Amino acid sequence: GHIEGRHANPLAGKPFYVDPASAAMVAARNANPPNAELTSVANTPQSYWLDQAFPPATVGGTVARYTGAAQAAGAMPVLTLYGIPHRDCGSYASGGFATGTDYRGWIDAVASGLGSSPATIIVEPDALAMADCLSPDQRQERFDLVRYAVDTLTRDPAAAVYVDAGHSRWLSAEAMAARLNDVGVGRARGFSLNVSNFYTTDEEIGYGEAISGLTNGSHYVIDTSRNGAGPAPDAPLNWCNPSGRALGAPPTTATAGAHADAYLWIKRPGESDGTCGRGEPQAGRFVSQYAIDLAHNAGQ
């Protein structure tokens, strides 16, 4: 018979993968007595963050294991790549690979691990948005590395690749669209917004629709992990372990934006944002109280 042409949202059609070994799951299983907040969080699909702790020599196997496990679960894995050189401009989440050559080798290995398997990839939270901390030449290098990630990862046809694009109160839509266009967003599925932040979904839809229009109709995802109460009052460090924040909409493709492929939990609720001027836990360390606070503040 006839073969139809292609129609669609790559994120629609199977559930997002719940990592069975996340820090939240470990905490939920250990809670004595059981805790409603922790269990809820642990059972919500999030994203699996990879960085320079996973060397190029071995990260391919790590990626293949994770994507293969998700496939065995009938689910879409979400992976967050967070290895850019000069990561976080040397602030609380400092890290990343030492050099661009190492980063390129890492990307090559990630792509090898992906093969042809389904995956959603969030490329480098903050890298484009924060790039002005770098000199002109290191900024250009960074853009070239993000472009390298797009060009290399998209060789997995089943990888839905979203380049991180900051949020609605970071760069302007015009400034961020220019960076996304420079790194080849047209070859990706699109971009991500609100990662590790707290802005309302509605505000992020308006911003994402604007960037989409400036990037030839690209699509986007919004991190709704911690945005159920919107942001804390405008202040320095209001993004760094703020109190009073709530879990947002659980991950879904039933979104309210014309080009919004999904609401995802990209940040993992419970992880510290950093020491934050208060001696709080190192960035990325899981704090059960933080996950419980987010769930309590959402009324759970």
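We number the residues from 1 along the sequence you see.
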{"query": "Mean C-alpha B-factor comparison - 8 to 16 and 287 to 295, higher one", "finding": "8 to 16"}
{"query": "Higher-B stretch (mean Cα B-factor, as the entry records it), 233 to 241 or 60 to 68", "finding": "233 to 241"}
{"query": "Residue with highest C-alpha B-factor in the PDB entry, from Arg104, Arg147, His86, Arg139", "finding": "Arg139"}
{"query": "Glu203, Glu124, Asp151, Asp182, ranked by C-alpha B-factor: the highest one", "finding": "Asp182"}
{"query": "B-factor third for the C-alpha atom of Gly96 within its chain", "finding": "middle"}
{"query": "Within-chain third of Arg29 by Cα B-factor, per the entry", "finding": "highest"}
{"query": "Assigned third (lowest, middle, highest) for the C-alpha B factor of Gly213", "finding": "highest"}
{"query": "Where the record places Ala178 (Cα B-factor, split into thirds across the chain)", "finding": "highest"}
{"query": "Among modelled residues of the same chain, the CA temperature factor third for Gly257", "finding": "highest"}
